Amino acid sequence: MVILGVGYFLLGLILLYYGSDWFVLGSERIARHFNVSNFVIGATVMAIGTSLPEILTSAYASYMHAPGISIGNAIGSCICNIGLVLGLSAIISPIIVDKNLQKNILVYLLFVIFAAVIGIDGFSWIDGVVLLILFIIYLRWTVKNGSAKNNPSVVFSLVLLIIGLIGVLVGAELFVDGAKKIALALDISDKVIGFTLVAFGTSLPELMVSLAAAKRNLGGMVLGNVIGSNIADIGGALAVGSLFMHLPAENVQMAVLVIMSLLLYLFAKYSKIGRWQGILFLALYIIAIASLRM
């Protein structure tokens, strides 16, 4: 029971490590197959695939009459994606954003502000329907702006992508399951700390996948994955949460998200997303996890 926990734990790590690299390589091949940019594939397939844990977590939590966890999980993931995830990736592989991707980042920013404003008094199911529809529009618009039998190159690509995604999702659950059975085995089992573990747990797909893409100098994909995941977390995870139950206002977190999104837009437009922008993102993330109410 103790090292069934550690067995699970290290195995989840192994699946995350290799699963994320396969997912990245498969996604990179699929992009070239579809004649779309790495950003596009990162912002659609990769973003949605890695945000599946948040969507299920938010749905489940709100269904179980815990809408605070539902929205806290969603927004906290967004902050993590810019602060920690993009922070680390930027230092590893600096990005200079093209004029086209800037436009996409600006639309991202507008979406976040809009979400922040309508969520001032919390999110109702109607807010959810709206965010979800904007989410769908964003996807179709992103694909279009980045676009234009059985070939073994394509078949191999899809298998890389899918086994890769299975690996990071299963690996993430093993990591979280593995860690929690360790904490139970050692009687350190708060769940003041448990909500911390699954929340960050849902973020592990984005983190490992982005780092993998960062190590392979695939900056567009990283940005796409960060941008799309945040939108999938609001327009998807948060939105679905609100369908089951009204979500309490998270104005402090939303404000933090707006500021980081805004910073992200400004760097993309007038400078670069590199070492010092990355260092700043991390600083802001570290300050956030130091002072936000748990």
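All residue numbers are counted from 1 along the displayed sequence. Throughout, rigid core stands for the largest set of C-alpha atoms superposing within 1.5 Å between the two forms.
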How do 192-200 and 152-160 compare in 9 other deposited structures of this protein: which one has C-alphas farther from this form after the rigid core is matched?
192-200
Answer with none, 1 to 3, 4 to 9, or 10 or more: how many deposited residues between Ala148 and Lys149 are not present in the coordinates.
4 to 9
Mean C-alpha B-factor higher for 61-69, or for 234-242?
61-69
Greater mean Cα temperature factor according to the PDB record, 284-292 or 2-10:
2-10
Highest Cα B-factor in the PDB entry belongs to which of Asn81, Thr196, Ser210, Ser93?
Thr196
Listed options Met46, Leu263, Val226, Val36: highest C-alpha B factor recorded at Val36
Select lowest, middle or highest to describe the third in which the CA B-factor of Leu86 falls within its chain in this entry.
lowest
Quick check on the deposited entry: does the C-alpha B-factor of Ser157 sit in the lowest, middle or highest third of its chain?
highest
Please rank the C-alpha B-factors of the chain's modelled residues and tell me whether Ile133 sits in the lowest, middle or highest third.
lowest
Quick one: classify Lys103 as lowest, middle or highest third of the chain based on its Cα B-factor.
middle
Lowest, middle or highest third of the chain for the C-alpha temperature factor of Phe175?
highest
